[PDB]
Number of protein chains: 2
Amino acid sequence: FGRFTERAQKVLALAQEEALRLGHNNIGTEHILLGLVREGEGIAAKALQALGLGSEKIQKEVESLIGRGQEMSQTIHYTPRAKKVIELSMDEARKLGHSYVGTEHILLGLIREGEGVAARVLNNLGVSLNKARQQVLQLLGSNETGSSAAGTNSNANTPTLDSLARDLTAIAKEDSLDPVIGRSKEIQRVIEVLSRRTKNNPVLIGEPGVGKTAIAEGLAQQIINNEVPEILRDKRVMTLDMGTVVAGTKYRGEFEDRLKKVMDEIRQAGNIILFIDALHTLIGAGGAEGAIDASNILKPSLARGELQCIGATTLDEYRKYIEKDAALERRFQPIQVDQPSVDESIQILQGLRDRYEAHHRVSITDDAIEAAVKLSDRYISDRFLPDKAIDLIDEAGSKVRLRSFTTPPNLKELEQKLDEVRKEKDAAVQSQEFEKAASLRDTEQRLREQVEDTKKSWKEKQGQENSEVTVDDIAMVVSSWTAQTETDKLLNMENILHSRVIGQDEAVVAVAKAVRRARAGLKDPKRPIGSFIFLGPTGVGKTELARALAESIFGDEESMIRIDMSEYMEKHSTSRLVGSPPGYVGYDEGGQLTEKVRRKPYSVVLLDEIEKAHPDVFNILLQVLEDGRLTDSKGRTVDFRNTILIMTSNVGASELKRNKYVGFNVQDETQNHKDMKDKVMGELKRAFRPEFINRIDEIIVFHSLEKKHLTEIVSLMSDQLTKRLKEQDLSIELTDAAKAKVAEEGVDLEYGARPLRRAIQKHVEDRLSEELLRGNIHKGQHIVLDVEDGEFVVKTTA
Amino acid sequence: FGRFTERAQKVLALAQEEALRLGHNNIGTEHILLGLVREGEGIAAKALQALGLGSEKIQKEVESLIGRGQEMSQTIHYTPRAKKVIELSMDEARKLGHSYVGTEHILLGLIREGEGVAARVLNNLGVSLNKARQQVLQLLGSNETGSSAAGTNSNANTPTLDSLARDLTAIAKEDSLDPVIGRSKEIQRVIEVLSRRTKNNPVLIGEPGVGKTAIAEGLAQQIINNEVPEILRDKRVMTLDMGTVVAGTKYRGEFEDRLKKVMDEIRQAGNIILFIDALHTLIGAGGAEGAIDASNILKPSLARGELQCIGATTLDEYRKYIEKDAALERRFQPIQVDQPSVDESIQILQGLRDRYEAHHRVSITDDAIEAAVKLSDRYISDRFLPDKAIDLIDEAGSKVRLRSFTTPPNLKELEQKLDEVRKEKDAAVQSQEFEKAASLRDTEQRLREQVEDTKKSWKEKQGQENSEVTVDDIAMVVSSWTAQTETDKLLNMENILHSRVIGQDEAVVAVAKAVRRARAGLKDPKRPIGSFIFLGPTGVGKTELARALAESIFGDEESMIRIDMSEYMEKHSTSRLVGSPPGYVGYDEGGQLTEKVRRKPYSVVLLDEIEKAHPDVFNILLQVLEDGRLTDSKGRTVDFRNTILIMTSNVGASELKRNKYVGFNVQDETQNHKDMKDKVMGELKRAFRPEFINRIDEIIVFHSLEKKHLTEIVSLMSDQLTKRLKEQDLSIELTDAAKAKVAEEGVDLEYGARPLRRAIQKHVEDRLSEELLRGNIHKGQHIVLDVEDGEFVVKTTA
């Protein structure tokens, strides 16, 4: 593909050189073979030299076939035989892993490609074809680092380390083990609990889901050099892997038997460290079901400190073991792995760029990496700070890499042409029209080389992305889920949120700016990026700003939870009829609110109508706003850590639903507006407790329901129709003028504002179907619905 | 059959020729054998030529059978033996795939016919019967299609692709892989989301049920050829199939072990793409019973980026898996797979026309394909807008092919006759009565050839169908379920809705036009294709139009749901109507209302009396009308996308259930009318809350009992009686005159129009049984119930 070592590439060019030297017009394998032996003593080349082949001998044999004298060897490239040998070398390097493919693989691939002039060339020059593949194989690869250690020994390690299992310290003598960056400050906290054989167990608690495992490689490095105590000197850190135990087993009894064996071998006691990943599963205590009960052997082992071990558990798992104090709590003593510092994240990123240069686009951009964290940290916000991050890096680290190869410069037109040639050419010969295809044939390859030349002119579009992962790039990719087009979303938040909330600017700018402050630098995870009270009418403004955050602020597209406290309130029976679903906040804690935001930890959380809720509820919600967490639903922790909590209120709604009517004058209208954009900030005091509101930030203002507001409601309804018709592949847009015709059949005093949907149906739905059916307009072109004379007008556009 | 290759056909005609040339004016199999070898060196011919047989050698045996003479012909046709050889070859080519039968199959079919004139010719000319079938098998031709290959190799790739589960790439390197038509725009959305080595997992959400699976072959084609990232170059795409896992397994433990092996094999890591269809089952999280939990291994695989995979899930499935989090979140990232819409539908149909031209019906008719789509939307309705569609074409895509092979022109009478001949003949010789069978015998075969000649006139029904699925046919087939007699059902929807709601034209036209416009694929396919409110009293036209709507929009009246909203607030009944209602709005959303429409999306959903319902129910109905789907009730998504939502009212009822009186006018029924065609448009405002109701596509108007509707009620009830009697095979019709005699006992001023059923029983039911009992009328005689002298009158008709 593009990843190759020197020796390889060298064998390849020599084929072409010899192509012309023997007059082999297009070089199949015979020159590739020649290439191998003419590259002298590279692993392919060398191989051929072992069995007894000279550079000469091959070119002469090669020459005894295709031979003289197409010396020019017109547009000297390969033909399919040679191309097959090359495809094979790539795979013969996959074989090893061998990222940048070498010589050996090409001779190996040649044998593999055991026909053409090469294959027989080798079988003519006294070297059987498989004898050649042998020789390369037994000298395989080299493109990767060796071992920085050597020798073989054993001692106490014999009974134990055999079984089961991996020993991190060993692989780090060889220096094939990574730091890992972590969660660096996490690793230190282990050593109180681990150089201690009495709270013999360190116990890592955090998001799973953070790369806890980074800390484990930490230990490896540190037990070697050099802050190691005399305690952990004369110790080995051995990882007990779940995978070897399950392999070759499908019965519980066999698994337990193996665990019994681990305890026997644990005789290295007080000098052994055991690493137990997913520790909870083995104890199997608590819950409605277990998971296997190693606990019988394991508990006394922990108490004695013979099993001096390291436990990896998560946010929720721990409670049902400290409840079993003290035999799990006799060993445990805790450390925070929950959500790493912002900085720790960034460093992991930087480290894995080059392997997303094995997965291309990335290496770099540095700024894009930083962003990977930062943009993610608030913009999803569905994990811990590095998982999110890296996802951007490779996402963007491909999105644009996809744009890398998708055209020539604009010479995509070449390919279009090249197609048409083939056709003409072919079909003409299929009639034959021999020579009537001939010139068409000739036109094909003429075109072709020009095509291919400019398809690799979009190697310039490779040099653009293939070690960058851009700011904007990373950012767009975060938006794709939900620096540049997230920090432009963030910095320009006010501008973008204003374009999706029509009027009632008072609110928009208030949320915008508070969120934009937090969302730029670090408000720093825990607490939503904004707590807010959204005051206003029951109608307009509230939801729409919340929404607008979800689309831009949170990325591109969705991200908004929304619960009404008002919908249930009731419980208890003795003989009563009632058996309704839980009274609402009990439902929320016990399941609904906590689950939903746990599902997407980045959601604009809308806690509706808490005025019409008991003041006790507000305390619970207050924890969401403060902590950025709730712990409910069987001890699970729900990350509201960069959500936007929006607690709504519409207490007094009606006056903020004053329409633009003439009272005294037509200046009662502009005072049905003006009065209402004042009245809102008074619906705040009336809303909830001050204690609640004391954990709630800006005072978001929404107001009125002018006239003005009617034709603004029409513009929500017409868009709901037209979007479901976009689903059906019809592009419609209504100008204000067609929405005007809807208002024409949409005002009475007594009819409210019910006819507006129906009249949109009448003027849009009904009309578009009566305009498409005629053939005046068509689906998937742009169809503009207007009034342009006091009556409705249908326009067409592309 | 319909398709054969030359070599076959050539072998066949040569038999007949040689038959007579040797003195056999009946073509025995002895000549077919001769035929095979007389075609020289085709696979049949050649085969015989191997065994030591020439055409000459065959004809010699043949001449030693009948031999000279019999060159006077017999209008030489085959023997029953010879007809057997042909039937056999068909299967001898089927078994070798081929449905276009070639030479080999014909000798093979001869062998099959291992006793007979051939059989003995071949067994007489000293070659084994099986030696001959061997020879034909061991050379094929006319069974292939042309593909590519020239060698095969592998490397590390071996253990993985073996297992489990084949690669799309392989068959597409032979270039035999299909496009698929798709769902093309879906494939594109993947490449940011997948060419990551992080949250590299695309997850396809759509309807299943739309042809999601089309997208998967998409990847195959684009990852191979030819402009794609360097990321997605140096990759392999492997498809994982559930079927292989379950095979050789019958326990959960074994399944997990196999999955462990797969997980180990993901070692092609960071450059391997695994396709997992129905992804949800493996994660096993959520639900009331979950599924087998692969997640323990799979979750870190997704996080590591070793498992870069493609998830196929549906509308409903996803929620309880992103709920798991957060390496799930840093895995998945969503992309939109086709939500069913008419334009998309057509493109699939057309694509699979040629492939249902295996049915020699469809491919085409163009109008018929479009119709399939458009008609499907309105006439069942239950499935998805493109699945439905293709099914009608293929349905019909056999339907006319059935009408094909059951015709002589009208000469069906011939076959009937030809039978009778045999009888006479047979029975006469069984007495013998030799020549008393003879002339009957002779008469038989005269007939027979005439019969067969006119049965093969119905090659005209082939020339109809073998690329035309009939427009009318598609319609017929949709009518079979529930263009022409479904688009006439559509176009004439108004006419059809009018014929069962007598009076109340006001209502009929309002529903009619809105659906009839809409269902032509020109209205949103994700919202009820007509929303309506039906106002009136309790009954009288309302429901009846809903029924008539089912017929006209959907093709039969059996497309009608009907749910009462007053139960979704319940405060009337609890032990006399419905079991366990409490929770009530929760009962509707959470369960009942949604469950019912989830059973049939092929329904006029008539949600009665939302007026007299808890205000939450109106909000719920509002979601049905807006979204076209609701997701509730274990997170299942109910498609109201091809329902007709109809919300009923009856708060004006009294005038709208009023009856005519004189008072001062005999124009009092027609003054009961005039009041009611007003009374509905005032019952709307009085009934409902505005937020819900305005999404309705038309306000449907009904009437009362008057004088005048009463005598129309008698005609509804009498039709309910006579129809449940049709099941036994009583063919009944009432004229208006008999319904009149019945009316005589139920036009009470003070006992209502309820007595009419009872009086229908006395004058219709009771009367038919008392007319059957005396043998005046009969089953399968059409029985007319009349008055013709002011008293009841019994008539008979065919």
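Here chain B follows Swiss-Prot, giving residues 3-484, 492-807 in order.
Looks like electron microscopy, 9.0 Å, at least that's what the header says.
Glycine is treated like the rest: Cβ placed from N, Cα and C.
Listed in Swiss-Prot:
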DOMAIN    B:3-144  domain 'Clp R'
REGION    B:6-71  region 'Repeat 1'
REGION    B:80-144  region 'Repeat 2'
BINDING   B:208-215, B:545-552  ATP binding site
DOMAIN    B:417-452  domain 'UVR'
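This view paints the features noted in Swiss-Prot onto the structure.
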| residue | record | contacts (Cβ under 8 Å, 6+ apart) |
| --- | --- | --- |
| B:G208 | ATP binding site | B:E188, B:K214, B:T316, B:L317, B:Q338, B:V339, B:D340, B:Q341 |
| B:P210 | ATP binding site | B:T316 |
| B:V212 | ATP binding site | B:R185, B:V339, B:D340, B:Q341, B:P342, B:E346, B:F386, B:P388, B:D389 |
| B:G545 | ATP binding site | B:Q513, B:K551, B:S658, B:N659, B:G661, B:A662, B:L665, B:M685, B:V689, B:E692, B:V710, B:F711, B:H712, B:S713 |
| B:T547 | ATP binding site | B:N659, B:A662, B:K666 |
| B:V549 | ATP binding site | B:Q513, B:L665, B:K666, B:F711, B:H712, B:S713, B:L714, B:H718 |
Query = What is the Cβ neighbour count of B:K551 (ATP binding site) at a 10 Å cut-off, with all protein chains included?
reply = 29
Request  = Report, as numbers and ranges, which residues of the same chain sit near the domain 'UVR' (B:417-452): CB under 8 Å and 6 or more residues beyond its ends.
outcome  = 410
Message = For a three-state summary based on DSSP, what are the helix, strand and coil counts in the domain 'Clp R' (B:3-144)?
response = 85 helix, 2 strand, 55 coil
Ask   = Could you give the number of helix, strand and coil residues in the domain 'UVR' (B:417-452) as assigned by DSSP?
value = 33 helix, 0 strand, 3 coil
Task = Let me know how many other Cβ atoms fall within 10 Å of the Cβ of B:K214 (ATP binding site).
result = 21
Reduced DSSP assignment, B:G208 (ATP binding site) = strand
